[PDB]
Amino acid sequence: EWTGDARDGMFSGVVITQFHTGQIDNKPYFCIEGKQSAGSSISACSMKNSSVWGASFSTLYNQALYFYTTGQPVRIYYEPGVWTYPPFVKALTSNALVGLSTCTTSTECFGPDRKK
């Protein structure tokens, strides 16, 4: 697997506006929410020692909280359909957070594309 795999998906020029941390199945997790200037919203969660993307938890939490603090427009890389516990998906999202990037414009950000 790779953050820059030709898959869904990414949202660019996102300001991280909301932050939530919790626990499920003996694993700490965090979720972020971001809004583009056009009003489009994206939610993505990361879990410690989880499925495929668990190894990134520590780095993503640090980066996400950093980006929440500065308020800078960033790129959210996500993989849909990862989290499957229905009440979790309902209240939050099925999206796993798979990467983060700084942006130069609302569409142009550092690093790989993640798109079909």
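A residue's number is simply how far along the shown sequence it sits, counting from 1.
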*When the other PDB entries of this protein are compared, is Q36 left blank in at least a third of them?*
yes
*Mean C-alpha B-factor comparison - 65-73 and 51-59, higher one*: 51-59
*Read off the CA B-factors in the entry, average them over 87-95 and over 30-38, and name the higher stretch.*
30-38
*What third of the chain, by the recorded C-alpha B-factor, contains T21?*
lowest
_Position of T107 among the chain's modelled residues by C-alpha B-factor, lowest, middle or highest third_ = highest
